[PDB]
Amino acid sequence: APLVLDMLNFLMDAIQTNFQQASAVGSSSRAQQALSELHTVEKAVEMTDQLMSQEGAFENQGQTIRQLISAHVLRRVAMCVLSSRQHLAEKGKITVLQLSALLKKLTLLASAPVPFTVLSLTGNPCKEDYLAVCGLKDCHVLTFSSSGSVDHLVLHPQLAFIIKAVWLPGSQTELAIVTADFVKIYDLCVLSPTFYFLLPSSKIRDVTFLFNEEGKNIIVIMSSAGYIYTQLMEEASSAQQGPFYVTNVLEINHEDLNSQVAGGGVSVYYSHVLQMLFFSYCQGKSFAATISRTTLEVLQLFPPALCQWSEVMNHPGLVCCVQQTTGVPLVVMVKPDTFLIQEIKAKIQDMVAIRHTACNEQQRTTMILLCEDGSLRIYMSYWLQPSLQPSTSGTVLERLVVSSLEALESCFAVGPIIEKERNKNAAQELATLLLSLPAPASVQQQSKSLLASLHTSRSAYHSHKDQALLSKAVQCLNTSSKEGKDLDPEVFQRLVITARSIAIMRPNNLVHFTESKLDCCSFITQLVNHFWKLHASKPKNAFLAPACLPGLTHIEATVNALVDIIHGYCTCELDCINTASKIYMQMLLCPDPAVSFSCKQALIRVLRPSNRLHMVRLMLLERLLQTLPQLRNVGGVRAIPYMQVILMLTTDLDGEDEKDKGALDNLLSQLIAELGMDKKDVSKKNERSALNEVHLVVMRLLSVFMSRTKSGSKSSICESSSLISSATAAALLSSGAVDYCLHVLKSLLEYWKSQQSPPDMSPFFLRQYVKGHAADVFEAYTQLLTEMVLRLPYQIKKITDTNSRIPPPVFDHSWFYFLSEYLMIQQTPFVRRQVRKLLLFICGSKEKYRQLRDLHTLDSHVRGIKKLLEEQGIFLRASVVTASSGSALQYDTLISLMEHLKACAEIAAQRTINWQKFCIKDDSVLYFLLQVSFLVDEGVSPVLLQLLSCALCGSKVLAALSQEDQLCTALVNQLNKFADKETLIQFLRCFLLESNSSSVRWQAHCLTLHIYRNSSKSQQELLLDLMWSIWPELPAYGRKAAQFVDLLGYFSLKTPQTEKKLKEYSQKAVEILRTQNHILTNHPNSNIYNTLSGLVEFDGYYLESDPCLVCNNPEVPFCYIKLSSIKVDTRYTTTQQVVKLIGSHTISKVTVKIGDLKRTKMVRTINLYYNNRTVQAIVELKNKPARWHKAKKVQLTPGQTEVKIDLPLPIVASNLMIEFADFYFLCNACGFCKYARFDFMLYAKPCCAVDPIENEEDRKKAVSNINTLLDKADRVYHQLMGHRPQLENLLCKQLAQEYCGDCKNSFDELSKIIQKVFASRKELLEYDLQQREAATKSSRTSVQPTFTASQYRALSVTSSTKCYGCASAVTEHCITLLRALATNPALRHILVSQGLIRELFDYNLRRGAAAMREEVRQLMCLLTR
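So this is what it looks like as structure tokens:
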């Protein structure tokens, strides 16, 4: 006891030295001292060596390269070591390998074919990822992938020799390449470098850059003349204002130091690891200097040529130069007071080295130096020792001290009370002094046990321990503070650890002591200030850091522990809180995420899990909310933590207390004012604004509030809602959020039209989207704002409807109009789904939903069609469609009209009541529609008729193939109101008789039927009069007019009227019948066909003089013919195939059948081009711009096997050109495509046309063509008229072969010629009238006559009278009509009084076919009933 203490009192004298010096305690002072001694104390060069597979393992304008390298100007270092991985590494291909086997007769990834002349390869120092492969005037930047396999972007040097390039220190994104006169620095982040410098004189020998006292860039070059020059690269010297002349030259006055510095310099290198720089000349002298951090004044200086020292990372003080002349690499290791230089057939070309881990997990440096024979050499701590590097078998001293602790423990536990108590005071003092300084952990344990025993109350042990230790730490820190000396890293760590431990143990006593006054708790604020300064002191780039690890080490852990301490001290004493808030806030807004994120996680863990804690929560909510205005410039990405914290405290928000409800009120009010729902200059929201980003974050916060659902118990009461949710609803409704949202959406309409480790940033911006767009989770401003401005009002409505008390919100019809406008503008799935839910909830009933969207669709489509036609001049006056130029529109206008109209047709197709309703809304749909169909091309007629027929006839009848009946009846009366009689006649004529199609005629019949069957009574009379009037000319439109006959008959037998009218009609019909009969009877061609019909199978009356065009154009059906079986010529190029088909065909569809597709190479998109322009040369029309008319842009999925491209209106084509538009392959000569094979077909029938007309060249060409065709037809005419003689001969007494052989084929030839001739005449007239109107347009007093639509149809581009077929067909139709109209008994009497029985029995008795004759007999029997 007394003797133990007696020896120990002396022992502590050096025991304190051992304990403080032990461990990392004492490392900081030793390191700083050694650094000072290195930079300050003199050293001497010492020659020594103790510091430190076969050849042929290696492979392989070089003359001028030899020249420059001989000039010693440049050299070769072909090596690199990419590791932070295990990557390490003439023919323009160098192999980059791994050396793992050597790492843990050699056993030694990928290779890269270098496309540039290579003298070296340099990895970026901050990041071994990118490597620059370096030559003189060509170099590359390669991002080798994870396995080392080759992307490469080849750097454009624009050489007018580039010495070398360096990626800026710690700047993995920056790099500069310097040549012999100028240096250009570019950032890979942003061709155009961001810096450029040049020299007023001499060459650029060596160029380096470093940091300032703050750390800013400075560029210093040892020139060719040796003049060392310095500059500060900023906005002035940057390449933005141009390459800058170098200005200042640093001074060195040594004994050795005339425009040529001792015969030139050698190099330049300013190590940041040593915090120094070296200097050397082509004289061959070496020296070392350290200079001021801002004055750059060389503070401390010390004294074959030299080149290219290299420091191994994680290997302090080790440098590897190479003698310029001797070629000899030399190693320099510098402790403070000496500079050991060591030198290590196989003429070493280069070397490499890395401080790696050997088989013993020991960081030993391995150096593989490469020779001239391909051989290798293996080569291999002053600052690297643990006592210099920041962090009982040991000390027999610690062993004896442990023995002493055992002795003291025994001398207490078995020692008497008297001795124990008498020695108590001194022993406790000694033990306190012992535990005071840092020492062994086992010493701490033994002392703690002994001292807790010594304290009779272990609570007293803890109390006295807290008081003493805290006082000691506080005094130490306060000395360091008033002193202003920088806090040692481990010092702050140890203090924070100790205080955190004591606070976690006994926070109340901690508050009492750290609060007792030996403002409030200045230790806390001073400690935080210390933390801020020290973190500001962090080594910026850890690579470029000085030999020590400056700044915090386990930074986030220190932050979390400090937060624990601060929160505890705040909790224990309430009156400090107003401070702590701001303190924490300055941290919860710090720049680097390492502070803010760690603090947010810390606090969330901190306040998490009586009334005391809730009160602390409320007070914090008030305090931070006041500082909420400070985030005005925070930046959204640098602001999510605050809101995460607000919600985090809001986790247990029970507003039930009047105070608690008041708290909710303050929160909601502050947030709402922060958003500012009443700005009214909302157009500023369009751009991405910092306050805008913060605002959006706040909105997402309020949304996580409203969407918060405090799901209750099993009870079905509708009032178990989150009080936070109810409040958010109430406040947003009070703030008029609807109008703000709507003004935002309208304001965004402009942009919408114009557009055509990861931090756990949950829950504001989700983790997945973080993974997907880690660039900036506040970057997608427009889309996120749109999503929010939608998804808020829906939830607002959810609460609003759900609340019994609150009357519902009211948004005006602008809501429907604007949201529907949003829907039609395209958007991705999220926007679409949200908008749909919004409209559906808003408009209540799904019927109303679909109806409203439909009406919008129709309104847009009609507006679009009207504007399209107006772009061609067509103008509706009030209800009078008028046109000025009557030309036919090109394909562009037609595809335009067809797209919109067909869309409308599909819409009306889904259901009819919608089309009926939309039409009932606007009275400007019908007459415009019919007027448009009257002028539009024929191929567009079927669609327009389908729509109009759906409108008036309706769904019941059309599908068959009261409310809707009323709609149809009213709309029929409407059409009656708007229609003009002349237009009605023009419609009947154009679409019932003249049309060539069958479906067109059928639909015409349906529309006429339904319109007539329901028009007004007197309207019915008007229609009957008009139709029976037009029937007088039925001879001309002739054989195609069956529909009109049927319609006239139905109208006749259904409608009763005055006998004068009926008599008039009967007179008309009888006269027509008689005249047609007579025209039949005197026919010169009557005899021959008359005889021949009863002899051979008479198919067609092939004995007409001027071919009846109506009889001469049957309806050839579209045949599904393969694109193979029509070809005439084919060819291919790199990516296209040109085929010249047999002849002009009207293609409506085409199908690509794909065989044996290649997974490596697929074609996604294809562009098809048609051309119907005259060409006999395959090469001539391969010009894509001239001879390609695009058809349909078709892109499919990869692997798609059957494609069906159908032109909306069929295209008339001759030469087709198919190109594989987009990919996901055609050979030059034969076009073999090893990807696959393709086949094609088309549902087409031939089309008889010519070349389109373009120029007077076409005028002469076509005139000649038509003339020649006329010659051919003339030969046909003479020869064919010749058959009449021999035909008469065979008639006099074979004939099958005679005419059925000849006459048929003859008529075939003449028909081909005639059809071609007519089409050609049409084309010539088209060009004539088009040039006429165009040249007439220039005349200004000549206002081009706006021709009516009827004038237009007659203006724009009939069976021949003496056609025995025409007369016969007229007879058949007339017989049908007569056998019909006789049915009225009064009509029986009237027709009998006509006495036509004579005419029929006499003229048409045996005429007509079998069926014709039989019907005739039936009629004759009937007429005398």
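In terms of the working numbering, the sequence shown opens at residue 98 and continues consecutively. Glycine is no exception: its CB is placed at the ideal position from the N, C-alpha and C atoms.
| Query | Result |
| --- | --- |
| Using CA coordinates, which residue listed in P647, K630 and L631 is at the minimum distance from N638? | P647 |
| Out of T1262, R390, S488 and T747, which has the shortest C-alpha to C-alpha gap to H651? | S488 |
| State whether the region 146 to 160 contacts the region 460 to 471, with contact taken as three or more CB pairs (one from each stretch) at a distance under 8 Å. | yes |
| Measure the alpha-carbon distance for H627 versus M745 and round it to whole angstroms. | 28 Å |
| Kindly confirm or deny that the region 326 to 335 and the region 358 to 369 touch, where touching means at least three C-beta pairs closer than 8 Å. | no |
| Given a cut-off of 8 Å on the beta-carbon distance, is the pair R714 and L788 in contact? | no |
| Can you tell me whether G1252 is buried or exposed? The criterion is at least 16 other CB atoms within 10 Å of its CB, across all chains shown. | exposed |
| Which complete alpha helix (DSSP H) runs does the region 1069 to 1144 hold, if anything under 4 residues is left out? | 1078 to 1085, 1095 to 1111, 1114 to 1127 and 1131 to 1134 |
| Excluding the five sequence neighbours on either side, which residues of its own chain have a C-beta within less than 7 Å of the C-beta of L1387, listed in chain order? | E1395 |
| Name the two residues that bound the continuous beta strand (DSSP E) containing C1216. | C1216 to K1219 |
| Would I821 and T747 qualify as a contact pair, given that the criterion is a beta-carbon distance under 8 Å? | yes |
| In whole angstroms, what separates the C-alpha of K1014 from that of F1320? | 46 Å |
| For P1343, which residues does DSSP report across the bridge? | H1242 |
| Going by beta carbon distance, what residues of the same chain come within less than 8 Å of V1037, once the five residues before and after it are set aside? | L991, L994, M995, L998, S1030 and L1306 |
| Three-state secondary structure (DSSP) at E784? | coil |
| Let me know if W1099 comes out buried or exposed under the rule of 16 or more other beta-carbons within 10 Å of its beta-carbon. | exposed |
| What do you reckon, are the CB atoms on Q1173 and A1464 nearer than 8 Å? | yes |
| Taking only the alpha-carbon atoms, compute the straight-line gap between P890 and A834 and give it to the nearest angstrom. | 8 Å |
| Can you list, in chain order, the stretches of the alpha helix (DSSP H) that have 4 or more residues and sit fully within the region 734 to 813? | 737 to 746, 755 to 772 and 787 to 803 |
| For the beta strand (DSSP E) containing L307, name the first residue and the last one. | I301 to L307 |
| Apart from the five residues on each side of it in sequence, which residues of its chain come closer than 6 Å, Cβ to Cβ, to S1403? | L1377 |
| Along the beta strand (DSSP E) that carries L718, what are the first and last residues, could you check? | First-last for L718: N708 to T724, but that is the alpha helix (DSSP H), not the beta strand (DSSP E). |
| Would you list, in sequence order, the uninterrupted alpha helix (DSSP H) runs of no fewer than 4 residues that lie entirely inside the region 149 to 175? | 159 to 167 |
| Look at residue 88 and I318 and say whether their C-beta atoms are less than 8 Å apart. | The structure shown does not extend to residue 88, since the chain is modelled only from 98 through 1522, so no value can be given for it. |
| Taking 7 Å as the cut-off, is the beta-carbon of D585 closer than that to any non-hydrogen atom of the ligand ZN? | You won't find the ligand ZN in this model; it holds no ligand whatsoever. |
| Who are the near neighbours of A504 in its chain, counting only those whose CB is closer than 7 Å to its CB and skipping five residues on each side? | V101 |
| So the beta strand (DSSP E) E1299 belongs to, where does it begin and stop? | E1299 to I1302 |
| If the criterion is Cβ atoms closer than 8 Å, does the pair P1382 and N1269 meet it? | no |
| Are the beta-carbon atoms of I1315 and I1244 separated by less than 8 Å? | no |
| Between which two residues does the alpha helix (DSSP H) holding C1047 run? | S1038 to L1049 |
| Mind checking which residues open and close the beta strand (DSSP E) that includes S383? | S383 to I388 |
| For my contact list, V742 and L685 are in at a C-beta cut-off of 8 Å; report their separation, rounded to the angstrom. | 7 Å |
| Going by DSSP, what residue range makes up the beta strand (DSSP E) through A141? | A141 to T145 |
| I believe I893 touches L845 by the beta-carbon criterion, under 8 Å. Please report the beta-carbon distance rounded to the nearest angstrom. | That pair is no contact at about 19 Å. |
| Which of the three DSSP states is assigned to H237 in this structure? | strand |
| Quick one: is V791 buried, meaning 16 or more other Cβ sit within 10 Å of its Cβ, or exposed? | buried |
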